[PDB]
Ligand SMILES: [Zn+2]
Ligand SMILES: [Zn+2]
Ligand SMILES: [Zn+2]
Ligand SMILES: [Zn+2]
């Protein structure tokens, strides 16, 4: 097993626990500005390029940053009216885990959690995928 | 006129004359090796990547180099059996001119000439195309 | 003439005039301290080593500094009681001129003027004395 | 005892033995030149300045070099006719030892040995003489 | 619609521990050379405008990088003023982004095999928030 | 099939005039500074393995570059041993490649407004073949 | 009695024109090289403790020096706070000390043969007192 | 008559161990810094024309020096071609000249407190003649 | 990174508002940054930057050394050129995010490349608090006595800056309207 | 020349008052220099010097950049060692000449070379205004919160500085009497 | 660029064929390049390269300084490692184009990353004239007396190189067959 | 230390025998040093030195790198100036001691400071084997095709060197007699 046992690392590795403690997310953006104007600036920033968006984990100093690809992954308004859904994959501790979550466009207080990604988990690599388990499994 | 008068520079500008003096081209490759083996090495190099090919102008120190795009344009064998056709566009003296020519796969002695390209001559630019005629037309 | 005509430069060269405008000299030392204590510090500094003494020209930003020779010339109290005489030679604009003057040990206000020195004016040099008149006489 | 026990180091310290093994000295100068001319060059070099003279120990890679003092100690011909006596003091391993010896002006083969110097052994120092016995006596 | 959104898991940190990270790595590169093989490339060798300076550490076969961000977005706990860090190990154009609690254990595989003058540059010392705890 | 074929019109030259171009530009950069704004970036800041060294000359609004190739392919006239040059003026991601007879006239628009010690770096002096003529 | 008293005719000056002399000579040495042959030797290559920095200018056959003093003695006109200058031309261990009004005419014999960006370093501009006049 | 004759007990050596002394001390100064406080001053900071380069090693209170001579006089055993060394410890203008067999024991008091990569610079390794033994 | 002052032979080489000034790619600025820490006295910062472009080199110094929460800042630039059309595309987003900075580019010369890319680029910079002006005789001498090694010698004007003011000012109300 | 602050792994390497500290030739100081310009507000200066010896490198910065007439200065050093017996022979002559400086070496460690050359050398330094003291727990933490990159983490003492104080203080009244 | 020789404490640090040698990313080579210019006498070149990888840094020196037509070259490397799998992908194309070079990597140690990428990478290097071997006691002392500051002191072997030879040689006929 | 060659715009700046050449203090030389090791083949050395004066910088390279016993050397300088009157006082003592060097300054220009100090200084240099000459059209082109990056383009003379030869040669028989 090479894909099912780092599937089993999501069962076991507690830094995947600490990432996935079903925790809240919040857009901490223009916080010095008053509360009503920033949802416009959030909505202006979501679907155009040339900008980033932040998502704090609300308990830690962890954040998710969506840089434009000039510097799967989507930021969109078309799912529901007045609410944006977020989803993006990443390669965290060598394994392909996708992060997804929702955020209330009016409160800017939402919920997000990353689940392990199985579909392009065949699209990992052959041996240089295991190169991080020349370091993770292979400790010294 | 902005496209028809650098069309008219091919009529007039004598460095486009010197490039297009209907002149011969020749694959000067593995010249220290004997004459028969190099047409294999030419044919091996034409359709795979990871290599370049040269085309001298047979009268000058000018050459055409086809680097792979990882470092319109085609190198192919499928036009005729035992003969390769070459064509590639470029932007020479600010204007879009395409270079094309044939080369005998057995002799490695051929003929090539660049003609002015009119199709993507709408795909030039708006004002920064003229930025070279902030230097060519605008001399100082 | 080589010694009598720079003897004649003291007659003529007006920077030797400006140096020798029979002008007053003054020990500007510990001026922020009150007036009575500094004549002790002047008298303590005059005959020991490891220190310098200043003599302003009282009209200009010119001063005379007596560094110790570890860094003719004398600083002494033995001439008169309660008064110090000063004399020292130098080589100013290439020529040997000696500076001498008196200073009141109680007022710290005196008088000094440099006169041209004739005795060791035979001890000048032969041709590298004239090397400054490869620049003074020889202008270009 | 501070002077008599490094007097006693000449009795005991075997690097003073190895220096003073009553050994021969030789002027190794212009050795590629023939044997007769170099005694002239030796005699020309002895009493003028601007030059050095060497004295090998004839058994070791030790030599004595008489640099001019612009870069007690004497090099002279006036002791005997056709023979030069040599004597110079130094401070070797912190202590004042004087080196003296004779050399045949015709053979350039002689004899020299350093004896401990007692006269200016009062002219050593007070405590910074012992600063090398903050290293020699004081090992660590 | 528009482009995609390249993610990097950026640990937001303070202003001050960044400027003690830039003083320990610059200590352990030039004047002390305990771990001297860390190519600290400068500002304008990057294409992302929110990058301060990468710390390319060649770790045997391939390079781990530690990059510094500035002026992202203001944080939640009244000091996280837009400056963060995202550690990333790439293997010949295959990129992953790693645990800080394992990354200092991953420098440990090469540096070093052993009140300290000075302490070794550990990224876990960097990324601990002085406000939540 | 396979990838495309990015062309650059490379003037093949000798071994020697390259190593008098690298000595005149390095003369007119550091010790003499007649035209000091020419950023000669070094070897491994490139992605194309057949690049020796670009000469980025910022010419007012945008940069002209002059790059040096090595080990391409052997030439026709018994000295062109795989080392060439392709002058290229780019304008904010819009690339063109220019006449050598006009490029020295194009440095002339900025450098310089006036047996010489030394002669100015002119690319026309570079690219003239000593074998065909 | 005691030692002798080596004199140098020291023109006392301000604090500020010293720190525009140290910025014009350092301009005309490194980044502009109009007169680049001026060996500005630093602090602890001297034996006199009241020396800031000599400016050894080799003027053809032999060197003119211009040295800077600090903390001598306080002056008469309420700014001369112990910092002065004594220009001195030596010729193979034969020392003379020269007029400032002639010294700038003596650099003029070698530098230079010709709103200026920047003005040339002239010692007459240095040694003029801003308080007596 | 003439001047006096300042002696220094100069151990004459070869050409080659000098140019492995100049490569071990330059190793243990710059790129490795086991004993980095050794101020190797260069050629023309000296008054004696037969001096190559002093090695000023400040040893606690005062400096030990190790200087290198060139072109003195030819030696006895067919390689000593005028290049030698005279180790000398000075204490605030009080000079002594020391045993090589004790000098390496005298660096040992400060350097260092502990097939070696590389061996430490020991002057006893320098001054042993490869021809008499 | 913040250079403290500048010698006057480059002050005249860069901060003169004429038509000789087209022949280089370098830019300069002088800031005057006044912190207001709440329940604490007002301190000051001051200095000059040069060349990475210059007015971004302010922000990499700004967001990495001096910055602190619960503050209010009165930044006051003094720039030779305008900010560059890409530079406006990376400074205007800063004070969008930070509303405690009252940044004020009272610059000296406008920008030679007169095109559409700088027209709204200076406009989009301006709706956030960036009071763009042109510095004048009140401010050139303020740059003289606070940023220039001026010999403690009074300010030397060039006669014509008062009417290099208005025809360069008129190219701001041309783009701001 | 004035270095602003210092990382704490050299603060402990130099400013600890123990018997491990004999193995180098380098010295450090921290000044706190308070200008009093008459009819003008009180400004401040602050910084650290290192190695030309260090406490003369103060004076070459002092007499060349900051100094100005009609002022009064309260210089307050904080030195690892004492000033060196030659260094006292070139700093004591300074405040002899300038009487507006109330210099105060409240140093940390005394000097290892216990000889006559430093006995009156620290005494001859002292009759001019140089109030030599030993810095203590009021001043080590003052050096901590004003000169050290201290993480904005509170001061770490080493237990024994209070009784490394007195037996090092007693070597001052030994030489001052 | 061609370093002439090397001190023996890095000769033993790099050119010893043991299992301690996995702890760095640097490589070394010693060439011995013999020109044969036709109708002209045989000259010589000799030197050492280090780190851009090292065996490409040979070729950038090779194709830019020394090279000349109508010649024949006998290049003889002496490498610590093998050439790297990417390095073989950029040196084997060189002597494909130039047939006058009889290059010969008689290296010392094989390559730690035992994978498919280096198996045919050393094979595809080899069908052009690159006679890959392993250097031995005839060649380690030849590297000693031509590239090492060897004190003019005779060669010091480490006992075990003769049987570090064969089991490292056997990993060449494993990949060449 | 031995620079290999030189670009021709400093060849004309230094090695032209005219009256424009008084305006610097720098000197150049080109050596051509032929070793003769006994019972061994004749090798060669060649290079250019510049500035410590230049013709002593030869000797510090000479006596420290190349020199070896039981040899014979044919050194052949090619100097812009003559050796300086102090330089003759430190090179003539060298080949006094070493009799296996047939040094030969066939220089180009004489020395501007025409005084007694250089008259016998070039004479006292000459009784040891130092065959002082003036280089001519046989030797300027020999310096051209062995020391100059000459484009592999033939030698460019300046017309007048043949009669700058004789009146500069006549200042050697003036001092040698
Ligand atoms: Zn800009
Ligand atoms: Zn000190
Ligand atoms: Zn490699
Ligand atoms: Zn000379």
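Numbering, chain I: per Swiss-Prot, residues 190-240, 248-373 in sequence.
This entry, so its header tells us, was determined using electron microscopy, 3.9 Å.
Placement of Cβ uses the backbone N, Cα and C atoms for every residue, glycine included.
I:249 is the only one of I:249, I:294 that Swiss-Prot places in the Zn(2+) 2 site (with I:280, I:283). Recorded residues residue I:334 (ubiquitin cross-link) and residue I:352 (ubiquitin cross-link) have their alpha carbons 13 Å apart, per Cα-Cα distance. Think of the gap as 7 residues with no coordinates, bounded by residue I:240 and residue I:248; the Cα atoms of those bounding residues are 6 Å apart. Between the alpha carbons (Cα) of residue I:234 (ubiquitin cross-link) and residue I:352 (ubiquitin cross-link) lies a span of roughly 26 Å. Less than 6 Å separates the Cβ from ligand 1 in the case of I:280, drawn from the recorded positions I:234, I:280, I:334, I:352 in sequence order. The Cβ of residue I:249 (Zn(2+) 2 binding site) has I:216, I:240, I:280, I:282, I:283 as same-chain neighbours under 8 Å, each 6 or more residues away in sequence. For the recorded sites I:234, I:334, I:352, the ranking by surrounding Cβ atoms (within 10 Å, all protein chains) places I:234 first. On its own chain, residue I:251 (active site, proton donor) has I:216, I:218, I:238, I:273, I:275, I:279, I:280, I:283, I:287 as residues at least 6 apart in sequence with a Cβ closer than 8 Å to its own Cβ. DSSP assigns residue I:251 (active site, proton donor) to a helix in the three-state reduction. The Cβ neighbour count for residue I:283 (Zn(2+) 2 binding site), using a 10 Å radius over every protein chain in view, is 21.
The Zn(2+) 2 site is set by I:249, I:280, I:283; from the centre of their CB atoms, other residues of the chain with a CB within 8 Å are I:216, I:250, I:251, I:252, I:279, I:281, I:282, I:284, I:286.
Reduced to three states, the DSSP call for residue I:234 (ubiquitin cross-link) is strand.
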